[PDB]
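Visitor: I have a structure here, written as structure tokens, and I will follow up with some questions on it.
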Amino acid sequence: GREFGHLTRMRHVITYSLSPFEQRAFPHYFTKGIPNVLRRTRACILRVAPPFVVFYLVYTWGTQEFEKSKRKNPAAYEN
Amino acid sequence: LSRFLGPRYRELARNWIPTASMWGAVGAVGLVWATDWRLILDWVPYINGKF
Amino acid sequence: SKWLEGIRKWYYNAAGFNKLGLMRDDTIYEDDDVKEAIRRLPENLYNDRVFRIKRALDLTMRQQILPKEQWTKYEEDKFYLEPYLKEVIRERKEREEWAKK
Amino acid sequence: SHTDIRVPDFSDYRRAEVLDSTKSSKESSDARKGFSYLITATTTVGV
Amino acid sequence: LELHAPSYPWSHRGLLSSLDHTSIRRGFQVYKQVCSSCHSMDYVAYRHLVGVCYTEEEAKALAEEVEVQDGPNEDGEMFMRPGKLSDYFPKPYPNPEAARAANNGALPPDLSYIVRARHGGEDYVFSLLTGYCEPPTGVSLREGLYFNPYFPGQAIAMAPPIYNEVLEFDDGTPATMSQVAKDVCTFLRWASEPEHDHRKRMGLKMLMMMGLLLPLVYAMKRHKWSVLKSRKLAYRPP
Amino acid sequence: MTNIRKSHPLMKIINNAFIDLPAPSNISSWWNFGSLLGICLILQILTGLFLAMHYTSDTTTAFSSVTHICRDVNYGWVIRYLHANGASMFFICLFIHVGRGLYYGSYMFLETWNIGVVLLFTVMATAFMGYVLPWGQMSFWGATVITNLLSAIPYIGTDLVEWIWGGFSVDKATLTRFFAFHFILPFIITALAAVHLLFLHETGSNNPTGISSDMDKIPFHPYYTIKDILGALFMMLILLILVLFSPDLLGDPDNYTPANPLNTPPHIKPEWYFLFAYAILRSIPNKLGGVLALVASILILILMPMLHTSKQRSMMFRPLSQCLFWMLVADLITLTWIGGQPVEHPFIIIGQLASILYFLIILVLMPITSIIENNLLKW
Amino acid sequence: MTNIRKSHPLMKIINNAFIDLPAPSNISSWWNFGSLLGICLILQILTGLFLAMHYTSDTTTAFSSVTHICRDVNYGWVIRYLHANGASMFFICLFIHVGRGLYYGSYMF
Amino acid sequence: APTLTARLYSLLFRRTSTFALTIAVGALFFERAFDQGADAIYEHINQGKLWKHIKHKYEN
Amino acid sequence: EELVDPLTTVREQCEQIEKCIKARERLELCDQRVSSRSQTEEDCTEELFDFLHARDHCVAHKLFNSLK
Ligand code: HEC
Ligand code: HEM
Ligand code: HEM
Ligand code: HEM
């Protein structure tokens, strides 16, 4: 079936690599990760957050409305 | 599924409608027999002797 | 139409495949028609597509992006696969229409 | 022409000892291998 | 409408905090001298006190202090025995119908899992025991019912069980209502979770081990993946 | 000579499945959960087995046997709460896996997706019966309500319900049935998972880009074995946090009282991983309509591959589709929250709107938005 | 086109196992027992499962539960004795299978 | 002048059998030391609350 | 000497607090309302609950220091 011998036809692509023992496992981990993490967060925040913000607003409103509904209504005891 | 909206498929259906109907009857008779429906088995002349 | 052109450009920028150096036809889902169209592509176009896809996969592996000036420009994006796919789909439609009769 | 291709610089990934191009790798092969295998051995001990 | 119990600063609410076994001993004294008359703890035996708040000889003395019905003898009729640490805490009533008859149709719940069976746990139990209050204007309680704002429905059939000097602690601690309530709630928390201290210790050990391992396995993964993450690919068409 | 790993039959299967399997190099951490699921399954068996060595499925001894496990058995509490929280972790990973499949268009693997839907149903049934096993108040009454749902089926509902119950209501017969079925089902789940991996390996795995990755494939072993080990370690960290610091966080206290057929608990709700479906069930006033909506809530995954109208597979390049997906996720969270909450004034209307929005997003909004994106990309 | 039986993965496995498996033309009835064993196994799994729907594993309720299966459960005695004698049939077939393996040199596998 | 890690690799980590023996001995000693240290930390946090801290007042 | 428990002291300490005081005065108003009528159905459970909530919150924050 699908085996490394025959998956696709590729030509004129050169890949240079390094031994794991010749390179650092965490090269520029913070100084490059933090800007990259910020970039990814900026890209994805406008797509992910708004639905959860709406959910939180709905949750707070529903909890407040339920708590108000459980509260006593003075107008029922005017007489 | 407009691929199947053709005259040939209309002819193809008519050729297989009697067969599908026959298999449906087998399923109907099988279900009544297996479950002992007795809503239908009461009508059956000899089977209605049971219950 | 100018507003349509503007919103199309905005969506092209929003769809971040250009940020990976890819072209529009690289992102197409490889169904049977797309597979046939790829198999009909001339050798140079096929090799360019394969390298672009491999580079995009390498970029996504490291969660990185291509430099700002290397992103595929919307106005210079070439729909290389579109004619071949159109022909393949036309042929499939013809075969299905014949089968309908 | 297969001769105008040059391996791109990996210096921004190379460990500190093997950074110098005029210094042999066999000098510090044991150190680097021992560091990585010490990480592996401590991991295996914890596991 | 219902009232939720406050979050009291229990000495075991800490992330790695254990129970006060002195409080457990005092709470057991409270249990055997106050609520044992009507409440039961079926799933707690005297042997469970050996390593918690009483030594083995003290646990044996506690067990021998209460008679327990034993199996049939040679004649075939049940008899009574001084009791042993293999026995569980005695049932105040034989069957739940007897308990309901003796408590105006209300069944005193079993206290083995009470802190684990009620929302709020020991907070709810402490607020209930010390929360008895005179019913507000407009509340009419049936005969044999008492107003406790924390009990659902605010009409509980349990008369206030604890008060000042209800029992005299062996430890000598002043027997204020709050002290008795705190000690009995700590004991009930122990009863619900007899593995509390061991669970906390294992949690500390596993936190240390995970803090040791996760960076190490992460470093191993980075070491393996460095080949791909440094990989430079070039395209050289003719 | 030859290589044993490549020639021996069992070694051939194992090598082609987990060692030399060509795997895409760009698959993110969202691809770990699959393996995580397997781990959970294995755990749910091992732990489960060591619970069956002491549990007795009798109404007079089930609760007492559970207390014996959590009171007397050496490290019995560890095993019991590992099981209880591992079920929740299993469903967390299941939900995340289905979300990954929806987001990255993994449902285009039709056979794999269908076997996954079957696995989801089987796991839900197993968890339901396992939760019935302790025979607490929550177990008994949740079983009562869920099984009584089947009575809404027309003309066979009562007979089917009484056949499953083994009597006139939930009783000792039902408890023993559920113990046997809960014991046996996870092995059927393992067989279905083997078939699932068989179907998946027929075409390989997908990737975040949604583009075929045959040009960039890596051996599964050296990279993804260690990556999945790290993922399993993180999952084990979360599970052990839940089992050693908040063992009763995801449970309900009312399940620590022995089952009382004559006294309902203050609130009757199922486990959290069912709440969303429960919420949908409560949106429809009609019983039969509610049951049909509950079934369709899971059967919609079957329709998902056919609803795909976009020219691109993954949502990685479809921002509007991403917004719809996150709206759907927030909607599912809303349904879970409401299923937790009682049936009162705001919760009823919010739940009805949430169910309507769920079905609308999955059925109507997503295909239309994909077509709009296709028109925006000029194809 | 292709053949679904010879192409579909599960169908491929089943076809190569029990449908198009090349088998010797002269294997006697002693080669039936193998399949019989499988049958027995499946039976023991089914029957036993239906015994697990009524059996409780407590010493105070084990013998009583077995008698409940034998007296009260509908056709419970059928299932119970099917299990009990199917274990014996399983072992008869197992012994005959091992004897067949010894006699015909099947242990060379 | 080989470093500490170079000495470790040359002596223990180079051969897989010696690697495994080092792992086993380290596992034994690490289990002992880690258990002792974790118990010390836990007992210090809960000082005066555990039974072992109050058992003396009741032992005979 | 009568073994005064800290609970009374702490409850009194809250009862002189803005939340405790305002809840108590609203409870007094509700009590007057209910008592004044003859067959009214309203109850002071809600306002009592507000007062007890505030007071017991303060007591939870204060009490355990005094307990041994
Ligand atoms: C006067 C006999 C009696 C005494 C003594 C007693 N209880 Fe109870 N208890 C009852 C009864 C009766 C109920 C249930 C009343 C009801 O449900 O209306 C109850 C209920 C409870 C509840 C709450 C149950 C629930 O459903 O909310 C707790 C907690 C409790 N008991 C614990 C204790 C503790 C702790 C003590 C010792 C301070 C104690 N009991 C002493 C009779 C007693
Ligand atoms: C996917 C697999 C499984 C899932 C999702 C699952 C789920 C559950 C759940 C949620 C409970 C409730 C526990 C509680 O609330 O206390 C439970 C109980 C139980 N399960 Fe399972 N389980 C699985 C596999 C197994 C297996 C394989 C066995 C036996 C071989 C088993 C035996 C038991 C037993 C004996 C109990 C009752 C003991 C107890 O409740 O503590 N489970 N299961
Ligand atoms: C017990 C339940 C399950 C187990 C043991 C399981 C196991 C796995 C494993 C090990 C993988 C490979 C790792 C990966 O690709 O992430 C996988 C992939 C996959 N699973 Fe599951 N899975 C389960 C449930 C499901 C469900 C509920 C669905 C869908 C509703 C599903 C659909 C898929 C799909 C489509 C893939 C391929 C993903 C891709 O290639 O992008 N599975 N499964
Ligand atoms: C190769 C498979 C099996 C064999 C050889 C086997 C054999 C036996 C035997 C000899 C007995 C004693 C019956 C008696 O003395 O009356 C028994 C009882 C029992 N078995 Fe099986 N069994 C098998 C599979 C299973 C399975 C898969 C289950 C459950 C899923 C199961 C559940 C039971 C139960 C509950 C009993 C006790 C009920 C009774 O004794 O009547 N067994 N089994």
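Following the order of the structure tokens, first chain is A, next is B, and so on, with residues numbered from 1 inside each chain and ligands from 1 in the order they appear.
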Mind the document's chain letters and residue numbers, and return as a PyMOL selection string the residues of chain B that DSSP labels alpha helix (DSSP H).
Guide: chain B and resi 7-35
Visitor: Residues of chain D within 12 Å of chain F, using only C-alpha atoms, as an MDAnalysis selection string?
Guide: chainID D and resid 40 43 47
Visitor: Using only C-alpha atoms, which protein or nucleic acid residues come within 9 Å of segment 29-39 of chain H? Drop anything in the same chain fewer than 2 positions from it, and give the result as a PyMOL selection string.
Guide: (chain D and resi 45-46) or (chain E and resi 201+204-205+208-209) or (chain H and resi 24-27+41-44)
Visitor: Please write the residues from the selection above to a file, keeping N, CA, C and O atoms, as an mmCIF file, in the first residue's frame.
Guide:
```
data_model
loop_
_atom_site.group_PDB
_atom_site.id
_atom_site.type_symbol
_atom_site.label_atom_id
_atom_site.label_comp_id
_atom_site.auth_asym_id
_atom_site.auth_seq_id
_atom_site.Cartn_x
_atom_site.Cartn_y
_atom_site.Cartn_z
ATOM 1 N N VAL D 45 14.896 7.337 34.525
ATOM 2 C CA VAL D 45 14.856 7.097 35.967
ATOM 3 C C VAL D 45 13.532 7.577 36.550
ATOM 4 O O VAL D 45 12.880 6.872 37.332
ATOM 5 N N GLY D 46 13.114 8.788 36.175
ATOM 6 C CA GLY D 46 11.834 9.289 36.653
ATOM 7 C C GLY D 46 10.667 8.433 36.196
ATOM 8 O O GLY D 46 9.745 8.149 36.972
ATOM 9 N N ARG E 201 -0.451 13.833 50.151
ATOM 10 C CA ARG E 201 0.963 13.479 50.044
ATOM 11 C C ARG E 201 1.295 12.936 48.660
ATOM 12 O O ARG E 201 2.314 13.307 48.062
ATOM 13 N N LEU E 204 1.402 15.820 46.210
ATOM 14 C CA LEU E 204 2.679 16.527 46.274
ATOM 15 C C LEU E 204 3.771 15.748 45.551
ATOM 16 O O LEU E 204 4.553 16.316 44.776
ATOM 17 N N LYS E 205 3.838 14.436 45.797
ATOM 18 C CA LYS E 205 4.853 13.619 45.137
ATOM 19 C C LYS E 205 4.684 13.647 43.626
ATOM 20 O O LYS E 205 5.668 13.765 42.886
ATOM 21 N N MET E 208 5.816 17.002 42.170
ATOM 22 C CA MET E 208 7.270 17.040 42.051
ATOM 23 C C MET E 208 7.745 16.195 40.874
ATOM 24 O O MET E 208 8.585 16.632 40.076
ATOM 25 N N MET E 209 7.203 14.983 40.740
ATOM 26 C CA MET E 209 7.632 14.099 39.662
ATOM 27 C C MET E 209 7.276 14.666 38.296
ATOM 28 O O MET E 209 8.058 14.554 37.350
ATOM 29 N N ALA H 24 19.056 1.742 36.251
ATOM 30 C CA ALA H 24 18.438 0.969 37.328
ATOM 31 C C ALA H 24 18.946 1.407 38.698
ATOM 32 O O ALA H 24 18.157 1.608 39.634
ATOM 33 N N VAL H 25 20.265 1.556 38.841
ATOM 34 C CA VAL H 25 20.822 1.995 40.119
ATOM 35 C C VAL H 25 20.333 3.398 40.459
ATOM 36 O O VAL H 25 19.972 3.691 41.610
ATOM 37 N N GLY H 26 20.318 4.288 39.464
ATOM 38 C CA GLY H 26 19.796 5.620 39.683
ATOM 39 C C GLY H 26 18.331 5.611 40.060
ATOM 40 O O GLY H 26 17.895 6.412 40.880
ATOM 41 N N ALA H 27 17.551 4.707 39.469
ATOM 42 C CA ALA H 27 16.146 4.594 39.837
ATOM 43 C C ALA H 27 15.999 4.191 41.296
ATOM 44 O O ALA H 27 15.189 4.770 42.025
ATOM 45 N N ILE H 41 9.047 17.278 53.114
ATOM 46 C CA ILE H 41 8.334 18.495 52.731
ATOM 47 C C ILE H 41 6.887 18.436 53.205
ATOM 48 O O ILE H 41 6.367 19.389 53.799
ATOM 49 N N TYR H 42 6.217 17.311 52.948
ATOM 50 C CA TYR H 42 4.810 17.187 53.313
ATOM 51 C C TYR H 42 4.622 17.276 54.819
ATOM 52 O O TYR H 42 3.680 17.916 55.303
ATOM 53 N N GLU H 43 5.501 16.627 55.583
ATOM 54 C CA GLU H 43 5.376 16.672 57.035
ATOM 55 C C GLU H 43 5.719 18.047 57.594
ATOM 56 O O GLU H 43 5.155 18.451 58.616
ATOM 57 N N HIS H 44 6.631 18.780 56.953
ATOM 58 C CA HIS H 44 6.905 20.143 57.395
ATOM 59 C C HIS H 44 5.713 21.054 57.134
ATOM 60 O O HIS H 44 5.358 21.883 57.980
#
```
Visitor: What does the list of residues within 9 Å of ligand 1 look like if you count only C-alpha atoms and all ligand atoms, written as a PyMOL selection string?
Guide: chain E and resi 27+30-31+33-39+99-100+102-111+114-115+117-118+121-122+124-126+128-129+145-146+150-152+155-163+180-181+184-185+188
Visitor: Leaving out segment 3-15 of chain B and any residue of its chain fewer than 5 positions from it, which residues lie within 10 Å of it when counting only C-alpha atoms, given as a short mmCIF file (atom, residue, chain, number, x, y, z; two decimals) with C-alpha atoms, in the first residue's frame?
Guide:
```
data_model
loop_
_atom_site.label_atom_id
_atom_site.label_comp_id
_atom_site.auth_asym_id
_atom_site.auth_seq_id
_atom_site.Cartn_x
_atom_site.Cartn_y
_atom_site.Cartn_z
CA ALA B 20 -37.22 -4.28 -4.48
CA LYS C 93 -19.96 16.18 -17.02
CA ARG C 95 -19.57 11.32 -19.46
CA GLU C 96 -22.35 11.70 -16.88
CA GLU C 97 -24.68 13.29 -19.44
CA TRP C 98 -24.02 10.39 -21.80
CA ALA C 99 -24.77 7.97 -18.96
CA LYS C 100 -28.07 9.77 -18.32
CA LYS C 101 -29.40 8.96 -21.81
#
```
Visitor: List all protein, DNA and RNA residues that have at least one atom no more than 10 Å from any atom of ligand 4, counting only C-alpha atoms and all ligand atoms, and write them as a PyMOL selection string.
Guide: (chain F and resi 180-181+183-184) or (chain G and resi 37-38+40-57+62-63+65-70+76-77+79-91)
Visitor: For the selection you just gave me, I'd like the residues written to a file as a compact mmCIF listing (two decimals), in the first residue's frame, keeping N, CA and C atoms.
Guide:
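As written to disk, selection39.txt reads:
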```txt
# COMPACT_ATOMS: atom_id res chain seq x y z
N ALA F 180 -22.97 -5.93 33.21
CA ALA F 180 -22.46 -6.83 32.17
C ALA F 180 -22.15 -6.07 30.89
N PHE F 181 -23.08 -5.22 30.45
CA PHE F 181 -22.88 -4.46 29.22
C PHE F 181 -21.71 -3.50 29.34
N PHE F 183 -19.11 -3.89 31.29
CA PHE F 183 -17.89 -4.69 31.22
C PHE F 183 -17.54 -5.05 29.78
N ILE F 184 -18.54 -5.43 28.98
CA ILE F 184 -18.22 -6.02 27.69
C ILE F 184 -17.96 -4.96 26.62
N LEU G 37 -14.08 -24.95 17.43
CA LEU G 37 -13.54 -24.23 18.58
C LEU G 37 -14.01 -22.78 18.55
N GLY G 38 -13.81 -22.11 17.42
CA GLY G 38 -14.29 -20.74 17.30
C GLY G 38 -15.76 -20.64 17.62
N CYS G 40 -17.58 -22.66 19.45
CA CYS G 40 -17.70 -22.82 20.89
C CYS G 40 -17.36 -21.53 21.60
N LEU G 41 -16.22 -20.93 21.23
CA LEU G 41 -15.80 -19.69 21.87
C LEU G 41 -16.91 -18.65 21.78
N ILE G 42 -17.42 -18.41 20.57
CA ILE G 42 -18.47 -17.42 20.40
C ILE G 42 -19.65 -17.77 21.29
N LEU G 43 -20.04 -19.04 21.29
CA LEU G 43 -21.15 -19.47 22.14
C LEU G 43 -20.86 -19.11 23.59
N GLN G 44 -19.67 -19.48 24.08
CA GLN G 44 -19.33 -19.20 25.46
C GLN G 44 -19.35 -17.70 25.74
N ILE G 45 -19.01 -16.89 24.74
CA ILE G 45 -19.08 -15.45 24.93
C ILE G 45 -20.52 -14.98 25.00
N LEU G 46 -21.38 -15.50 24.12
CA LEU G 46 -22.77 -15.06 24.12
C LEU G 46 -23.49 -15.57 25.35
N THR G 47 -23.58 -16.89 25.48
CA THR G 47 -24.26 -17.51 26.61
C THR G 47 -23.75 -16.95 27.93
N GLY G 48 -22.43 -16.94 28.12
CA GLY G 48 -21.87 -16.42 29.35
C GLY G 48 -22.29 -14.99 29.61
N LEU G 49 -22.32 -14.16 28.56
CA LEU G 49 -22.75 -12.78 28.74
C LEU G 49 -24.16 -12.72 29.30
N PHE G 50 -25.06 -13.56 28.78
CA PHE G 50 -26.42 -13.55 29.29
C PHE G 50 -26.50 -14.14 30.69
N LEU G 51 -25.51 -14.93 31.10
CA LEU G 51 -25.44 -15.32 32.50
C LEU G 51 -24.94 -14.18 33.37
N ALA G 52 -24.13 -13.28 32.81
CA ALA G 52 -23.62 -12.15 33.57
C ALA G 52 -24.68 -11.08 33.80
N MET G 53 -25.81 -11.13 33.09
CA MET G 53 -26.90 -10.20 33.32
C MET G 53 -27.71 -10.54 34.56
N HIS G 54 -27.53 -11.73 35.12
CA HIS G 54 -28.25 -12.13 36.32
C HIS G 54 -27.35 -12.64 37.43
N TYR G 55 -26.07 -12.88 37.17
CA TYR G 55 -25.17 -13.43 38.17
C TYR G 55 -24.50 -12.31 38.95
N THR G 56 -24.48 -12.45 40.27
CA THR G 56 -23.77 -11.54 41.16
C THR G 56 -22.64 -12.29 41.84
N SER G 57 -21.48 -11.64 41.95
CA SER G 57 -20.25 -12.30 42.37
C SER G 57 -19.97 -12.13 43.86
N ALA G 62 -24.16 -15.50 45.32
CA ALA G 62 -23.69 -16.18 44.12
C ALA G 62 -24.53 -17.42 43.83
N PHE G 63 -24.58 -18.35 44.78
CA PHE G 63 -25.38 -19.56 44.60
C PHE G 63 -26.85 -19.22 44.42
N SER G 65 -28.06 -16.46 43.16
CA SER G 65 -28.24 -15.90 41.82
C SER G 65 -28.24 -16.99 40.76
N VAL G 66 -27.39 -18.01 40.92
CA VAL G 66 -27.38 -19.11 39.95
C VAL G 66 -28.70 -19.86 39.99
N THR G 67 -29.24 -20.10 41.19
CA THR G 67 -30.55 -20.73 41.28
C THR G 67 -31.65 -19.84 40.72
N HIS G 68 -31.51 -18.52 40.87
CA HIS G 68 -32.45 -17.58 40.27
C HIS G 68 -32.42 -17.68 38.75
N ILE G 69 -31.22 -17.81 38.18
CA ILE G 69 -31.10 -18.03 36.74
C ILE G 69 -31.77 -19.33 36.34
N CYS G 70 -31.58 -20.38 37.14
CA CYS G 70 -32.08 -21.70 36.77
C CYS G 70 -33.57 -21.86 37.00
N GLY G 76 -33.66 -19.34 31.51
CA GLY G 76 -32.38 -19.22 32.17
C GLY G 76 -31.66 -20.55 32.29
N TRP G 77 -32.40 -21.63 32.52
CA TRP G 77 -31.78 -22.94 32.59
C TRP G 77 -31.17 -23.33 31.26
N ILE G 79 -29.79 -21.34 29.03
CA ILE G 79 -28.52 -20.63 28.91
C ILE G 79 -27.49 -21.20 29.87
N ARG G 80 -27.89 -21.47 31.11
CA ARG G 80 -26.94 -21.96 32.11
C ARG G 80 -26.35 -23.30 31.69
N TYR G 81 -27.20 -24.23 31.26
CA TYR G 81 -26.70 -25.54 30.87
C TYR G 81 -26.00 -25.50 29.52
N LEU G 82 -26.39 -24.57 28.64
CA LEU G 82 -25.62 -24.34 27.43
C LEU G 82 -24.19 -23.95 27.78
N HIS G 83 -24.03 -23.04 28.73
CA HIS G 83 -22.68 -22.65 29.16
C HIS G 83 -21.94 -23.83 29.77
N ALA G 84 -22.58 -24.53 30.70
CA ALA G 84 -21.91 -25.59 31.44
C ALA G 84 -21.45 -26.71 30.51
N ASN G 85 -22.33 -27.17 29.62
CA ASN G 85 -21.97 -28.23 28.69
C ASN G 85 -21.18 -27.73 27.49
N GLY G 86 -21.25 -26.44 27.18
CA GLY G 86 -20.44 -25.90 26.11
C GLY G 86 -18.99 -25.76 26.50
N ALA G 87 -18.72 -25.57 27.79
CA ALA G 87 -17.34 -25.66 28.26
C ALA G 87 -16.78 -27.07 28.02
N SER G 88 -17.58 -28.09 28.33
CA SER G 88 -17.14 -29.46 28.10
C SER G 88 -16.96 -29.75 26.62
N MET G 89 -17.87 -29.24 25.78
CA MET G 89 -17.72 -29.40 24.34
C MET G 89 -16.47 -28.68 23.84
N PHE G 90 -16.21 -27.49 24.39
CA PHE G 90 -14.99 -26.76 24.06
C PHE G 90 -13.77 -27.60 24.35
N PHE G 91 -13.74 -28.26 25.51
CA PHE G 91 -12.56 -29.05 25.84
C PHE G 91 -12.47 -30.34 25.04
```
Visitor: Counting only C-alpha atoms and all ligand atoms, name the residues that have an atom within 6 Å of an atom of ligand 3; the answer should be given as a ChimeraX atom specification.
Guide: /F:31-35,37-38,94,98,101,106-107,109,112-113,116-117,119-120,193,205-207
Visitor: Using the selection just defined, write its residues with N, CA, C and O atoms as a compact mmCIF listing (two decimals), in the first residue's frame.
Guide:
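Wrote part-v1.txt, looks like this:
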```txt
# COMPACT_ATOMS: atom_id res chain seq x y z
N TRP F 31 -3.49 16.56 16.91
CA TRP F 31 -3.44 15.18 16.45
C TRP F 31 -3.00 14.21 17.54
O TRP F 31 -3.04 13.00 17.32
N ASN F 32 -2.59 14.71 18.71
CA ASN F 32 -2.20 13.81 19.79
C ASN F 32 -3.41 13.10 20.38
O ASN F 32 -3.32 11.94 20.80
N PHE F 33 -4.56 13.79 20.42
CA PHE F 33 -5.69 13.32 21.22
C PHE F 33 -6.15 11.94 20.79
O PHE F 33 -6.57 11.13 21.63
N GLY F 34 -6.07 11.64 19.49
CA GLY F 34 -6.35 10.30 19.01
C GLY F 34 -5.62 9.26 19.83
O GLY F 34 -6.25 8.42 20.48
N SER F 35 -4.28 9.35 19.84
CA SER F 35 -3.50 8.45 20.68
C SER F 35 -3.93 8.56 22.13
O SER F 35 -4.09 7.55 22.82
N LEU F 37 -6.84 9.20 23.26
CA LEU F 37 -8.05 8.40 23.38
C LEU F 37 -7.69 6.94 23.64
O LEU F 37 -8.14 6.34 24.62
N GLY F 38 -6.80 6.39 22.81
CA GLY F 38 -6.36 5.02 23.02
C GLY F 38 -5.86 4.81 24.43
O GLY F 38 -6.31 3.90 25.13
N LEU F 94 -12.45 13.03 23.46
CA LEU F 94 -13.39 12.73 22.38
C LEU F 94 -13.94 14.00 21.76
O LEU F 94 -13.99 14.14 20.53
N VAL F 98 -13.28 15.22 17.91
CA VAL F 98 -14.34 15.52 16.96
C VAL F 98 -14.23 16.96 16.47
O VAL F 98 -14.47 17.25 15.30
N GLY F 101 -11.54 17.02 13.90
CA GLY F 101 -12.05 16.48 12.65
C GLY F 101 -12.93 17.45 11.90
O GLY F 101 -12.84 17.58 10.68
N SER F 106 -11.24 16.59 8.44
CA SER F 106 -10.86 15.19 8.52
C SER F 106 -12.02 14.25 8.23
O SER F 106 -11.80 13.05 8.05
N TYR F 107 -13.25 14.77 8.19
CA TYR F 107 -14.41 13.93 7.90
C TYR F 107 -14.46 13.47 6.45
O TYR F 107 -15.29 12.62 6.12
N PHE F 109 -12.46 11.57 5.18
CA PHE F 109 -12.21 10.13 5.32
C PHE F 109 -13.53 9.50 5.78
O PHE F 109 -13.79 9.32 6.97
N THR F 112 -13.50 6.27 7.99
CA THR F 112 -12.93 6.60 9.29
C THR F 112 -13.90 7.44 10.11
O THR F 112 -14.09 7.20 11.30
N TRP F 113 -14.54 8.43 9.47
CA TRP F 113 -15.49 9.28 10.18
C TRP F 113 -16.69 8.49 10.68
O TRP F 113 -17.15 8.70 11.81
N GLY F 116 -15.76 6.41 13.53
CA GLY F 116 -15.63 7.29 14.68
C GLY F 116 -16.96 7.64 15.31
O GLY F 116 -17.08 7.71 16.53
N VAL F 117 -17.99 7.87 14.49
CA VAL F 117 -19.32 8.13 15.03
C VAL F 117 -19.82 6.92 15.80
O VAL F 117 -20.40 7.06 16.90
N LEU F 119 -17.96 4.72 17.28
CA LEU F 119 -17.17 4.70 18.51
C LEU F 119 -17.72 5.69 19.53
O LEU F 119 -17.77 5.39 20.72
N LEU F 120 -18.11 6.88 19.07
CA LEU F 120 -18.66 7.88 19.98
C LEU F 120 -19.93 7.37 20.64
O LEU F 120 -20.09 7.49 21.87
N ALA F 193 -11.94 0.46 17.29
CA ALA F 193 -10.79 1.34 17.14
C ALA F 193 -9.73 0.72 16.24
O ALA F 193 -9.06 1.43 15.48
N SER F 205 -2.87 10.15 7.33
CA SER F 205 -3.47 11.17 8.17
C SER F 205 -3.52 12.51 7.44
O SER F 205 -2.76 12.77 6.51
N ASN F 206 -4.44 13.36 7.88
CA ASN F 206 -4.57 14.70 7.33
C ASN F 206 -3.54 15.62 8.00
O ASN F 206 -2.66 15.16 8.74
N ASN F 207 -3.65 16.92 7.76
CA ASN F 207 -2.71 17.88 8.31
C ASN F 207 -3.42 19.22 8.42
O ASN F 207 -4.45 19.43 7.78
```
Visitor: Kindly assemble as CSV a list of the chain F residues that lie within 7 Å of ligand 2, each paired with its nearest atom pair and their distance in Å to one decimal, using only C-alpha atoms and all ligand atoms, sorted first by chain and then by ascending residue number.
Guide:
```
residue,atom,partner,partner_atom_place_in_ligand_line,distance
F:41,CA,ligand 2,1 (C),5.2
F:44,CA,ligand 2,24 (C),4.6
F:45,CA,ligand 2,27 (C),3.7
F:46,CA,ligand 2,27 (C),6.9
F:48,CA,ligand 2,28 (C),3.6
F:49,CA,ligand 2,30 (C),3.8
F:51,CA,ligand 2,35 (C),4.6
F:52,CA,ligand 2,35 (C),4.3
F:55,CA,ligand 2,35 (C),5.3
F:66,CA,ligand 2,41 (O),5.6
F:80,CA,ligand 2,41 (O),4.6
F:83,CA,ligand 2,13 (C),6.3
F:84,CA,ligand 2,13 (C),4.4
F:87,CA,ligand 2,5 (C),4.6
F:90,CA,ligand 2,5 (C),6.7
F:123,CA,ligand 2,1 (C),5.4
F:126,CA,ligand 2,4 (C),5.4
F:127,CA,ligand 2,7 (C),3.9
F:128,CA,ligand 2,10 (C),6.7
F:130,CA,ligand 2,17 (C),3.6
F:131,CA,ligand 2,12 (C),3.7
F:132,CA,ligand 2,12 (C),6.9
F:133,CA,ligand 2,37 (C),5.1
F:134,CA,ligand 2,40 (O),4.5
F:182,CA,ligand 2,42 (N),6.0
F:183,CA,ligand 2,29 (C),4.4
F:184,CA,ligand 2,27 (C),6.9
F:186,CA,ligand 2,2 (C),4.9
```
